[PDB]
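To start, the structure under review is shown below, and the notes come after it.
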Amino acid sequence: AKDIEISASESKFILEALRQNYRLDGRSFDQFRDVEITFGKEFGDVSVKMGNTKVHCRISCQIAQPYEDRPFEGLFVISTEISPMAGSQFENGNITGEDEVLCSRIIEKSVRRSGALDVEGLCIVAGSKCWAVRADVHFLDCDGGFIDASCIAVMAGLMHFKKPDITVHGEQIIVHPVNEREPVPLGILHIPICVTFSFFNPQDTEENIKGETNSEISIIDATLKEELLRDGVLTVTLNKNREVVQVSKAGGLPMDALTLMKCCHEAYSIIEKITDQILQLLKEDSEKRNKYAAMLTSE
Amino acid sequence: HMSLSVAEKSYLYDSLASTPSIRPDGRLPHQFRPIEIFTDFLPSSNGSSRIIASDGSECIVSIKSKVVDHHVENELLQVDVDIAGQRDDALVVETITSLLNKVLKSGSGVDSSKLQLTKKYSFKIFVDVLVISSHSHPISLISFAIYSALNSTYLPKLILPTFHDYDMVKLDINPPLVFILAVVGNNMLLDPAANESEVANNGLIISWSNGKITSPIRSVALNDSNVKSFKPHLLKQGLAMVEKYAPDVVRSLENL
Amino acid sequence: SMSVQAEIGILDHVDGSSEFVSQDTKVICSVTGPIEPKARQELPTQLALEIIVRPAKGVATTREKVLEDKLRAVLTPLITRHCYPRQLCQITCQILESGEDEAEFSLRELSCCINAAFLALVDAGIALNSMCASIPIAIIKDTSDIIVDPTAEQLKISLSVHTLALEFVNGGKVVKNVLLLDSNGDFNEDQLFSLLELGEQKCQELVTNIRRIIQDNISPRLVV
Amino acid sequence: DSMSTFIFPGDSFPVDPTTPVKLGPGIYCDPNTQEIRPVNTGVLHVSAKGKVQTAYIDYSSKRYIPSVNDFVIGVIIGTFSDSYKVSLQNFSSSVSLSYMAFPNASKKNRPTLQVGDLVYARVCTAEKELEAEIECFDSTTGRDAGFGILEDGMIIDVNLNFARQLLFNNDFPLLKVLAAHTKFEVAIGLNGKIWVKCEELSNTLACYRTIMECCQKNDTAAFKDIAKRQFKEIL
Amino acid sequence: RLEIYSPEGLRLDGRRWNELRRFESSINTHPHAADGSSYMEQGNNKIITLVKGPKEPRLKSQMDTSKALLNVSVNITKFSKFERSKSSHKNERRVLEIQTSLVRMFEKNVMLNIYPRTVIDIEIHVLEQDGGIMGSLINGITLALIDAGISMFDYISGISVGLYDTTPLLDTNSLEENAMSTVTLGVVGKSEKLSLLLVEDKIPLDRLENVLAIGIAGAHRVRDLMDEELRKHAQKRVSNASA
Amino acid sequence: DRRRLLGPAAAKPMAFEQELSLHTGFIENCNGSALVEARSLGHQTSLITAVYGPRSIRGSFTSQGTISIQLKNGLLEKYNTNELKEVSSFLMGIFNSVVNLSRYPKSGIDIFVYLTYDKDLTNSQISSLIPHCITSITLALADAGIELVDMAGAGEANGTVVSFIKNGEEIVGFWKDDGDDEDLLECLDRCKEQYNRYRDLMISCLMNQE
RNA sequence: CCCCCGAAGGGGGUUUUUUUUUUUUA
Ligand code: NA
Ligand code: NA
Ligand code: NA
């Protein structure tokens with residue numbers, strides 16, 4: 001079973017706290033967690049930390065053959081396989097699970113299908129070769145917000161990643177170690193960022209279905225304790241082009257449309273900050289690398 | 001139905017094995033149960049059929065087509081069976097699929113020449129079966145639905161091949177029928193009910209085409225509780241019974 | 001010469017956790033137990049082990065299955081299993097960085113997996129029979145030298161590769177048993193035993209270092 | 001003896017051989033070798049004497065293992081014919097709580113506890129072959145022993161060492177620095193569970209936050225400060 | 001490229017921006033196969049929905065002492081499209097996402113708590129497909145569940161709205177679903193509250209709200225239709241059963 | 001595949017009357033086992049069966065034994081999965097007629113037939129292969145100590161496989177799949193002769209061996 | 001807690017294809 005046993009006092013406590021405008025970790029309802037993005041070692045290796053939530057992403061690529069249907073496009077896959085490391089409530093590789101399928105689908109719709117990565121820039125030669133870029137997410141610690149953290153990790157990783165320069169002479173290609181030629185980054189078209197809103201019903205279901213004065217509570221980036229007690233969940237992916245990359249309200253507590261719109265806009269307010277943060281941290285990483293090279297060329 | 005008590009099984013068997021056999025609904029050994037069929041309801045498909053039985057067993061068949069090189073695809077007719085509540089991996093589903101594929105093999109199941117367009121290209125026929133409900137062996141049900149679907153199947157007309165935009169030619173072919181029989185004691189029964197199939201000593205799958213008893217022919221256990229051996233004269237009885245009571249099923253199905 | 005980085009109690013929602021880093025090989029491990037096992041895992045008289053190894057790149061394969069197998073071979077006699085009858089210990093290793101050419105070698109990852117698993121088992125509070133330490137060792141093509149803690153480069157030109165996991169007792173001075181020796185490539189008996197002596201010394205060094213690392217962050221948790 | 005010493009599994013046990021020693025947690029008597037061997041990493045603890053000294057190893061643990069006379073906080077997760085199914089910790093093996101195991105309880109008069117209720121109980125039976133058993137009464141007399149339902153509070157997950165320190169060590173300042181700010185009810189469960197309830201929700205929340213932050217920090221003297229900053233009611 | 005929306009305000013099928021496709025429904029179509037059932041046609045979408053239950057759980061696992069278990073099975077037949085799919089869709093992640101979506105939709109609408117220790121199996125067969133299939137699934141489920149006599153708080157109406165440049169188009173077909181981004185809505189009863197909100201392709205934020213506005217309205221109409229059928233089917237089968 | 005080493009995906013596969021030997025009880029990790037090898041002119045076959053059971057079953061209490069039959073392709077992937085499962089179903093019917101299932105409530109008997117070798121030098125072979133399957137399964141069931149009301153036998157002629165019990169008086173199996181059109185009686189006679197010979201050989205094997 | 005008895009006992013929580021570079025410029 002591996003169920004998380006939640007007591008009545010805890011549910012009532014957290015819900016009543018929400019009624020009195022209180023969150024356990026001391027955040028306001030519209031307050032996203034401080035995102036800590038840390039690069040290391042090779043390009044495409046990134047660690048993302050949201051409060052206690054800890055995820056890790058590893059970008060990699062290898063030469064392959066383009067699919068028969070799509071002759072000019074490269075290959076791109078994302079893996080988000082949970083493990084008992086994040087918590088024992090997770091079974092080892094249940095890809096057919098509700099939240100698993102949902103998470104995977106949200107990330108896929110946010111990054112892989114939105115054209116965030118230039119797939120045609122991955123193609124080496126139309127007929128026989130292409131780049132197979134892979135994004136593998138590793139879930140290290142679960143305190144909620146796995147979708148958002150995953151999206152941030154995948155994007156930051158893709159932007160940080162660099163494939164080795166190559167050139168082509170007909171049948172044959174020539175691939176280079178770092179000493180031969182410098183590596184070149186991937187084609188990032190936009191930066192999709194996900195924000196997850198959690199919905200709580202403070203009153204009874206009757207008030208939600210046939211009651212006026214909507215008391216439905218919404219918070220941003222719920223913790224595990226909050227995620228376990230929520231009645232609804234919405235995930236909205238946006239970019240700095242004011243585009244709704246995707247939206248997923250896969251059932252749950254019925255919410256008024258206007259509230260959902262407000263959620264989308266506030267989410268935009270957050271993804272601005274997050275995007276600027278990602279870009280900044282990236283450039284700082286590159287600069288520190290360059291200065292290290294400068295420290296290496298002369299003792 | 002299924003999971004009858006030993007008392008019920010004994011009663012039913014005694015009635016079905018007596019001479020003459022007394023069937024639970026008073027049917028004659030060669031009598032079918034009332035069914036009704038609808039066709040041409042799926043516009044996207046080249047053919048379509050729906051068959052409903054009196055016991056609730058319901059099946060849907062779709063006929064689709066695609067141009068193929070004979071040389072690369074020697075099989076011009078493919079049957080895909082999907083039974084609700086049964087995985088595609090299931091033994092009975094693959095058994096029925098194999099069987100149906102053999103009844104309809106372009107080799108001699110049906111006339112392959114009727115499909116030919118050009119010496120290099122032809123129509124491959126995709127027969128998609130969807131068994132919504134079944135309380136007994138659905139092989140005859142499916143077979144009948146497929147018969148109806150094929151007898152009301154229209155294909156694009158030829159004029160690399162190019163085709164007429166609005167006019168279509170009716171696929172002319174004599175589709176085969178598969179019959180299922182219950183062997184109970186010394187009695188042969190056509191269209192076995194679920195309760196009848198629960199106590200049957202054995203079963204006979206008998207194919208039929210152009211007015212002839214054709215292959216495949218199988219012996220099939222309608223259950224696992226009372227599967228017993230049978231004498232050859234019973235097999236002969238079943239064959240004779242089919243070829244005697246098949247042309248009326250054919251004329252009943254082919255009258256539109 | 002051989003210096004390692006190691007941390008303890010880094011994960012919140014597990015009983016124990018560790019981070020082990022040697023050269024470029026970086027492995028994080030978690031332990032949950034003793035907890036309730038599912039019926040198919042349950043053992044009447046002893047603790048059952050669920051062991052998982054995840055690769056740095058790609059998705060878990062038969063490679064990681066072999067890694068899990070050897071890790072199990074090491075951790076089974078390590079753990080005092082009869083203290084927890086009909087219970088489960090969940091041990092998961094996430095390889096963050098291989099520090100070696102994944103397609104040809106996996107000894108660095110294995111060694112770091114053993115070290116990290118041991119550390120996490122210590123952090124969890126699970127009864128252990130004794131201490132343990134694992135090192136990777138290579139023998140090079142031309143020099144025919146024995147390199148302890150070989151780099152990926154040294155591995156590329158290696159003639160043989162080796163995983164040495166030893167079991168230690170009495171302050172890390174006595175070798176109780178050899179938990180694992182995984183030797184692959186071309187080698188002879190003399191080379192083997194030289195490799196074993198040097199390997200034992202270096203592993204003892206590692207045991208000492210690990211003891212210090214453990215006490216450094218476990219001692220403040222406890223009361224005088 | 002009186003001097004506590006750090007110890008690893010496999011290390012040589014340093015107590016007096018001729019002196020009889022009752023063995024607590026951390027120390028294992030091998031069934032085959034009959035050797036006394038440490039199996040836990042931590043601090044070795046030898047009590048003075050009496051009649052025999054206790055040798056035990058205090059080690060950092062997060063996972064509770066039921067032992068008799070322990071005060072635990074469980075949650076009702078199931079109802080049976082003659083007992084409750086109780087959880088002392090998520091993912092752990094459940095514990096049984098007899099229907100008879102209550103004050104003024106008979107077959108006609110049953111306890112009124114539902115699934116999801118907090119129960120404060122005593123581990124009465126912890127056999128290594130059987131499911132653990134808890135109780136909400138004095139097993140001897142059959143009357144109330146300060147056990148029973150915990151209503152409308154907040155529960156706090158905490159490591160075993162912190163909880164044991166909270167229940168047994170009176171020089172521990174957390175309860176004192178909490179009492180300095182508000183009135184509160186507290187139930188301490190050696191299974192790593194702390195129940196807290198104040199009259200006002202705000203104060204209970206403050207208690208929760210400061211207790212958890214105090215749990216994460218090893219330094220004891222910091223507590224007061226933390227409490228201050230936490231009862232200043234920042235967001 | 002072609003006139004998806006002509007200056008005259010017409011579409012390829014000849015509809016205007018705010019008009020639903022032909023919507024017809026039938027109830028109790030499979031009385032011998034399920035407790036509740038519905039056959040539904042929306043445009044060219046043809047769907048069979050079967051509700052089995054509430055009934056005894058198959059396993060003595062999957063049994064909940066407090067509420068009923070709700071399962072949804074979506075069968076997208078290989079002949080639903082113009083081109084037959086050689087691959088089954090049953091284990092595709094898209095289909096699993098759809099299934100879990102429908103389940104989590106009707107977990108909050110169906111009073112599962114009054115059917116404890118039971119299982120409600122929903123079996124859906126998409127016979128024909130022509131875009132906007134999600135809303136169709138939703139409607140089919142609502143109809144079939146109501147036919148089963150299974151208690152729920154309200155209707156849930158499913159609809160889709162595409163966004164062509166500045167103008168939104170109601171109830172999109174297959175051709176419109178391509179070369180255009182679409183929003184799927186699951187609206188509760190006559191309320192403004194959304195059970196489902198699905199956006200799978202990029203849409204300008206500033207124009208999203210507008211898309212919802214017509215969508216809700218459309219959904220309301222859909223409700224009025226489903227309702228209109230049920231009552232009739234009720235009125236017919238409550239009068240004939242008399243004497 | 002995550003559970004197998006299938007190598008590179010870019011790679012593509014390389015394209016370019018009869019004597020009987022019967023033995024039982026040579027496989028040690030199952031209850032019953034049988035080796036059947038057949039040699040006709042320009043045609044040689046050989047297959048093995050293994051009966052694991054009576055074993056426990058997952059699920060509700062069953063009043064009788066539950067038999068499963070699994071055909072495994074040997075060497076060449078010679079046959080279609082659907083046809084293999086069809087033949088499996090056929091054999092299941094036959095040995096549902098033969099095995100004394102009443103003796104084995106809440107119990108499952110799993111039978112595996114490895115089609116190791118099937119090279120006929122002559123230049124739909126399932127039909128000719130079925131009787132040897134039946135022989136091997138009957139032998140392995142008798143070897144496993146699984147109770148049989150009779151010794152299930154079979155014969156093949158003109159694409160017609162017929163499986164008999166009780167000295168050929170009654171039929172437990174009938175398989176007819178194209179293989180030309182001839183009258184039923186002589187196919188019955190030939191298959192019955194094959195059946196009787198196979199029966200004699202099987203009892204003989206069960207008397208020299210068990 | 002429901003179930004009998006009478007005035008306490010026994011049982012139960014349900015393991016898609018619409019067809020000449022660059023710059024400023026009336
Ligand atoms: Na509605
Ligand atoms: Na309208
Ligand atoms: Na059985």
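Residues in the structure tokens are named by chain (A, B, ... in the order shown) and by number from 1 within that chain; ligands are numbered from 1 in the order shown.
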
Q.
Set the distance at 10 Å and use only C-alpha atoms (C1' of nucleotides): which residues neighbour range 104-114 of chain C once local chain neighbours fewer than 5 positions away are removed? I'd like the list as a PyMOL selection string.
A. chain C and resi 19-29+53+55-56+63-64+66-68+70-72+74-75+92-99+119-120+132-138+149-152+155-156+161-165+180+182-184

Restrict the selected residues to C-alpha atoms and save them as a PDB file, in the first residue's frame.
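The resulting file, part-v2.pdb, is reproduced below:
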ATOM      1  CA  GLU C  19      26.540  11.791  -0.583  1.00  0.00           C
ATOM      2  CA  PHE C  20      29.812  10.228  -1.714  1.00  0.00           C
ATOM      3  CA  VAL C  21      32.317  11.863  -4.065  1.00  0.00           C
ATOM      4  CA  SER C  22      35.599  10.425  -5.332  1.00  0.00           C
ATOM      5  CA  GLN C  23      37.345  12.288  -8.160  1.00  0.00           C
ATOM      6  CA  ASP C  24      34.558  12.926 -10.667  1.00  0.00           C
ATOM      7  CA  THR C  25      32.386  10.037  -9.493  1.00  0.00           C
ATOM      8  CA  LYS C  26      29.450  11.435  -7.543  1.00  0.00           C
ATOM      9  CA  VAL C  27      26.771   9.207  -5.999  1.00  0.00           C
ATOM     10  CA  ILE C  28      23.893  10.048  -3.651  1.00  0.00           C
ATOM     11  CA  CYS C  29      22.259   7.225  -1.669  1.00  0.00           C
ATOM     12  CA  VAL C  53      20.671   1.791  -8.667  1.00  0.00           C
ATOM     13  CA  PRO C  55      22.412   5.735 -13.820  1.00  0.00           C
ATOM     14  CA  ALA C  56      23.629   9.301 -14.335  1.00  0.00           C
ATOM     15  CA  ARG C  63      23.931  -2.708 -16.269  1.00  0.00           C
ATOM     16  CA  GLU C  64      22.348  -1.134 -13.205  1.00  0.00           C
ATOM     17  CA  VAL C  66      24.293  -6.026 -12.175  1.00  0.00           C
ATOM     18  CA  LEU C  67      25.323  -3.031 -10.074  1.00  0.00           C
ATOM     19  CA  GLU C  68      22.376  -3.765  -7.761  1.00  0.00           C
ATOM     20  CA  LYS C  70      26.961  -6.702  -6.533  1.00  0.00           C
ATOM     21  CA  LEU C  71      25.789  -3.985  -4.143  1.00  0.00           C
ATOM     22  CA  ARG C  72      23.467  -6.590  -2.610  1.00  0.00           C
ATOM     23  CA  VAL C  74      28.237  -6.408  -0.358  1.00  0.00           C
ATOM     24  CA  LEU C  75      25.440  -5.058   1.854  1.00  0.00           C
ATOM     25  CA  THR C  92      18.429   3.517  -3.374  1.00  0.00           C
ATOM     26  CA  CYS C  93      21.524   4.868  -5.139  1.00  0.00           C
ATOM     27  CA  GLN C  94      21.357   7.737  -7.622  1.00  0.00           C
ATOM     28  CA  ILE C  95      24.530   8.091  -9.662  1.00  0.00           C
ATOM     29  CA  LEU C  96      24.911  11.830 -10.227  1.00  0.00           C
ATOM     30  CA  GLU C  97      28.154  11.619 -12.189  1.00  0.00           C
ATOM     31  CA  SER C  98      29.892   8.486 -13.465  1.00  0.00           C
ATOM     32  CA  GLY C  99      33.431   9.892 -13.489  1.00  0.00           C
ATOM     33  CA  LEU C 119      27.343   5.796   4.887  1.00  0.00           C
ATOM     34  CA  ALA C 120      23.559   6.054   4.433  1.00  0.00           C
ATOM     35  CA  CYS C 132      33.312  -1.325   5.175  1.00  0.00           C
ATOM     36  CA  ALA C 133      35.305   0.433   2.474  1.00  0.00           C
ATOM     37  CA  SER C 134      35.531   0.112  -1.295  1.00  0.00           C
ATOM     38  CA  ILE C 135      38.094   1.340  -3.823  1.00  0.00           C
ATOM     39  CA  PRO C 136      38.558   1.051  -7.608  1.00  0.00           C
ATOM     40  CA  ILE C 137      41.958  -0.215  -8.814  1.00  0.00           C
ATOM     41  CA  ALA C 138      43.416  -0.388 -12.331  1.00  0.00           C
ATOM     42  CA  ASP C 149      41.578   5.383  -7.519  1.00  0.00           C
ATOM     43  CA  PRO C 150      42.305   5.567 -11.267  1.00  0.00           C
ATOM     44  CA  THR C 151      41.055   8.458 -13.394  1.00  0.00           C
ATOM     45  CA  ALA C 152      38.847   7.969 -16.459  1.00  0.00           C
ATOM     46  CA  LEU C 155      40.935   3.620 -17.227  1.00  0.00           C
ATOM     47  CA  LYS C 156      40.908   4.172 -21.013  1.00  0.00           C
ATOM     48  CA  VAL C 161      40.022  -3.049 -13.760  1.00  0.00           C
ATOM     49  CA  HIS C 162      39.129  -4.054 -10.207  1.00  0.00           C
ATOM     50  CA  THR C 163      36.627  -3.329  -7.449  1.00  0.00           C
ATOM     51  CA  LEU C 164      37.792  -4.019  -3.900  1.00  0.00           C
ATOM     52  CA  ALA C 165      35.288  -3.813  -1.051  1.00  0.00           C
ATOM     53  CA  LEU C 180      33.675  -8.029  -2.852  1.00  0.00           C
ATOM     54  CA  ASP C 182      35.425  -7.777  -8.959  1.00  0.00           C
ATOM     55  CA  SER C 183      38.333  -8.259 -11.363  1.00  0.00           C
ATOM     56  CA  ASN C 184      37.956  -7.876 -15.125  1.00  0.00           C
TER      57      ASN C 184
END

Q: Pick out each residue of range 1-232 of chain D that DSSP on the backbone tags as strand (DSSP E); I need them as a PyMOL selection string.
A: chain D and resi 5-7+21-23+27-29+36-38+42-46+53-58+71-79+83-87+95-98+118-125+133-135+148-150+154-157+185-189+193-197

Q) Which chains and residue numbers are within 6 Å of ligand 3, counting only C-alpha atoms (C1' of nucleotides) and all ligand atoms, if I want them as a PyMOL selection string? A) chain F and resi 62+64-66+105-108

Q: Could you give me the residues within 8 Å of ligand 2, counting only C-alpha atoms (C1' of nucleotides) and all ligand atoms, as an MDAnalysis selection string?
A: chainID E and resid 18:20 214 217:218 221

What does the file look like for those residues with N, CA, C and O atoms, as a short mmCIF file (atom, residue, chain, number, x, y, z; two decimals), in the first residue's frame?
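What ended up in again-v6.cif:
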data_model
loop_
_atom_site.label_atom_id
_atom_site.label_comp_id
_atom_site.auth_asym_id
_atom_site.auth_seq_id
_atom_site.Cartn_x
_atom_site.Cartn_y
_atom_site.Cartn_z
N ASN E 18 -19.72 30.89 -33.45
CA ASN E 18 -20.35 30.59 -32.16
C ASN E 18 -21.45 29.55 -32.24
O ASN E 18 -22.41 29.59 -31.48
N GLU E 19 -21.30 28.60 -33.16
CA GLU E 19 -22.30 27.55 -33.35
C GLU E 19 -21.73 26.17 -33.08
O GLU E 19 -20.63 25.84 -33.55
N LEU E 20 -22.47 25.36 -32.34
CA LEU E 20 -22.07 23.98 -32.06
C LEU E 20 -22.30 23.09 -33.27
O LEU E 20 -23.14 23.39 -34.12
N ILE E 214 -16.87 32.26 -24.59
CA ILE E 214 -17.77 31.56 -25.50
C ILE E 214 -17.85 30.09 -25.11
O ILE E 214 -18.94 29.50 -25.12
N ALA E 217 -20.31 29.29 -22.50
CA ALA E 217 -21.63 29.47 -23.08
C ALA E 217 -21.99 28.23 -23.90
O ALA E 217 -23.07 27.65 -23.72
N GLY E 218 -21.06 27.81 -24.75
CA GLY E 218 -21.28 26.66 -25.60
C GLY E 218 -21.61 25.46 -24.74
O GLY E 218 -22.59 24.74 -25.00
N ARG E 221 -25.09 25.33 -23.54
CA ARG E 221 -25.98 24.84 -24.59
C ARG E 221 -25.95 23.32 -24.62
O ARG E 221 -27.00 22.67 -24.64
#

Q | Test item: residues lying within 9 Å of ligand 1 with only C-alpha atoms (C1' of nucleotides) and all ligand atoms, as a list in words | A | residues 139, 154, 155, 156, 157, 158, 186, 187, 188, 189, 190, 191, 194, 216, 219, 220, 221, 222, 223 and 224 of chain E

Q: Would you work out the distance separating CA of residue 90 in chain D from CA of residue 3 in chain A, expressed in Å to one decimal?
A: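 So the two atoms, CA of residue 90 in chain D and CA of residue 3 in chain A, lie 7.3 Å apart.
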
Q.
Set the cut-off to 6 Å and count only C-alpha atoms: what are the residues of chain D that reach chain C? Output as a list in words.
A.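 Filtering chain D at 6 Å from chain C with only C-alpha atoms gives residues 9, 10, 11, 12, 39, 40, 61, 62, 91, 92, 93 and 218 of chain D.
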
Q) Once you count only C-alpha atoms (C1' of nucleotides), which residues of chain G turn out to be within 9 Å of chain D? Could you give them as a list in words? A) residues 1, 12 and 13 of chain G

Create the file for the chosen residues now, containing N, CA and C atoms (P, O5', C5', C4', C3', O3' and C1' of nucleotides) and written as a PDB file, in the first residue's frame.
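Produced file result04.pdb, reproduced below:
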ATOM      1  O5'   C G   1     -23.343   1.388  21.509  1.00  0.00           O
ATOM      2  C5'   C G   1     -24.165   2.206  20.689  1.00  0.00           C
ATOM      3  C4'   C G   1     -24.460   1.531  19.369  1.00  0.00           C
ATOM      4  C3'   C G   1     -25.350   0.296  19.436  1.00  0.00           C
ATOM      5  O3'   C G   1     -26.729   0.632  19.434  1.00  0.00           O
ATOM      6  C1'   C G   1     -23.434  -0.156  18.103  1.00  0.00           C
ATOM      7  P     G G  12     -18.905 -13.972  14.553  1.00  0.00           P
ATOM      8  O5'   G G  12     -19.195 -12.565  13.863  1.00  0.00           O
ATOM      9  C5'   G G  12     -20.460 -12.285  13.271  1.00  0.00           C
ATOM     10  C4'   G G  12     -20.498 -10.907  12.653  1.00  0.00           C
ATOM     11  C3'   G G  12     -19.193 -10.125  12.738  1.00  0.00           C
ATOM     12  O3'   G G  12     -19.061  -9.292  11.590  1.00  0.00           O
ATOM     13  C1'   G G  12     -20.894  -8.956  13.898  1.00  0.00           C
ATOM     14  P     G G  13     -17.974  -9.656  10.467  1.00  0.00           P
ATOM     15  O5'   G G  13     -17.356  -8.252  10.056  1.00  0.00           O
ATOM     16  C5'   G G  13     -16.721  -7.411  11.012  1.00  0.00           C
ATOM     17  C4'   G G  13     -16.303  -6.119  10.361  1.00  0.00           C
ATOM     18  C3'   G G  13     -15.165  -5.360  11.024  1.00  0.00           C
ATOM     19  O3'   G G  13     -14.323  -4.804  10.013  1.00  0.00           O
ATOM     20  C1'   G G  13     -17.136  -4.006  10.970  1.00  0.00           C
TER      21        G G  13
END

(Q) Give me the residues near residue 59 in chain F as a PyMOL selection string, where near means some atom within 10 Å (using only C-alpha atoms (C1' of nucleotides)) and where sequence neighbours in that chain fewer than 2 positions away do not count. (A) (chain E and resi 59-60) or (chain F and resi 56-57+61-62+106)

**Q.** DSSP-assigned alpha helix (DSSP H) members of range 75-223 of chain E, reported as number ranges by chain
**A.** E: 93-106, 133-147, 174-177, 208-223

Those residues with C-alpha atoms, as a JSON list (two decimals), in the first residue's frame please?
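Final output, saved to again.json:
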[["chain", "number", "residue", "atom", "x", "y", "z"],
["E", 93, "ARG", "CA", 0.53, 8.09, -22.32],
["E", 94, "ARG", "CA", -2.00, 10.36, -24.05],
["E", 95, "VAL", "CA", -4.79, 7.87, -23.36],
["E", 96, "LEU", "CA", -3.66, 7.33, -19.76],
["E", 97, "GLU", "CA", -3.66, 11.11, -19.24],
["E", 98, "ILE", "CA", -7.18, 11.33, -20.69],
["E", 99, "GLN", "CA", -8.36, 8.47, -18.45],
["E", 100, "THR", "CA", -6.91, 9.91, -15.26],
["E", 101, "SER", "CA", -8.32, 13.31, -16.25],
["E", 102, "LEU", "CA", -11.85, 11.92, -16.59],
["E", 103, "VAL", "CA", -11.51, 9.95, -13.36],
["E", 104, "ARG", "CA", -10.31, 12.98, -11.37],
["E", 105, "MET", "CA", -13.10, 14.99, -13.01],
["E", 106, "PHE", "CA", -15.90, 12.70, -11.90],
["E", 133, "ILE", "CA", -13.06, 14.34, -28.76],
["E", 134, "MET", "CA", -12.28, 15.16, -25.11],
["E", 135, "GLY", "CA", -15.47, 17.16, -24.54],
["E", 136, "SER", "CA", -17.32, 14.38, -26.32],
["E", 137, "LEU", "CA", -15.89, 11.82, -23.89],
["E", 138, "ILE", "CA", -16.98, 14.05, -21.01],
["E", 139, "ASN", "CA", -20.55, 14.34, -22.32],
["E", 140, "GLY", "CA", -20.79, 10.60, -22.97],
["E", 141, "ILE", "CA", -19.64, 9.87, -19.43],
["E", 142, "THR", "CA", -22.18, 12.30, -17.95],
["E", 143, "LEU", "CA", -25.05, 10.79, -19.96],
["E", 144, "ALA", "CA", -24.12, 7.18, -19.18],
["E", 145, "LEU", "CA", -23.53, 7.85, -15.48],
["E", 146, "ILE", "CA", -26.91, 9.57, -15.18],
["E", 147, "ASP", "CA", -28.52, 6.63, -17.00],
["E", 174, "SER", "CA", -10.43, 17.79, -37.02],
["E", 175, "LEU", "CA", -9.30, 20.23, -39.73],
["E", 176, "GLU", "CA", -9.75, 23.16, -37.37],
["E", 177, "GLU", "CA", -7.89, 21.37, -34.56],
["E", 208, "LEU", "CA", -7.26, 33.25, -23.31],
["E", 209, "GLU", "CA", -10.10, 34.64, -21.17],
["E", 210, "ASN", "CA", -12.16, 35.52, -24.24],
["E", 211, "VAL", "CA", -11.78, 31.95, -25.51],
["E", 212, "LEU", "CA", -13.23, 30.71, -22.22],
["E", 213, "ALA", "CA", -16.17, 33.13, -22.43],
["E", 214, "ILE", "CA", -17.77, 31.56, -25.50],
["E", 215, "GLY", "CA", -16.64, 28.09, -24.38],
["E", 216, "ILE", "CA", -18.63, 28.17, -21.16],
["E", 217, "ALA", "CA", -21.63, 29.47, -23.08],
["E", 218, "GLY", "CA", -21.28, 26.66, -25.60],
["E", 219, "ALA", "CA", -21.00, 24.13, -22.81],
["E", 220, "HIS", "CA", -24.21, 25.49, -21.30],
["E", 221, "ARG", "CA", -25.98, 24.84, -24.59],
["E", 222, "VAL", "CA", -24.57, 21.32, -24.58],
["E", 223, "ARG", "CA", -26.00, 20.83, -21.10]]

Q.
Using Å and a single decimal, report how far CA of residue 131 in chain B sits from CA of residue 55 in chain B.
A.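 Taking CA of residue 55 in chain B as the start and CA of residue 131 in chain B as the end point, the length is 13.9 Å.
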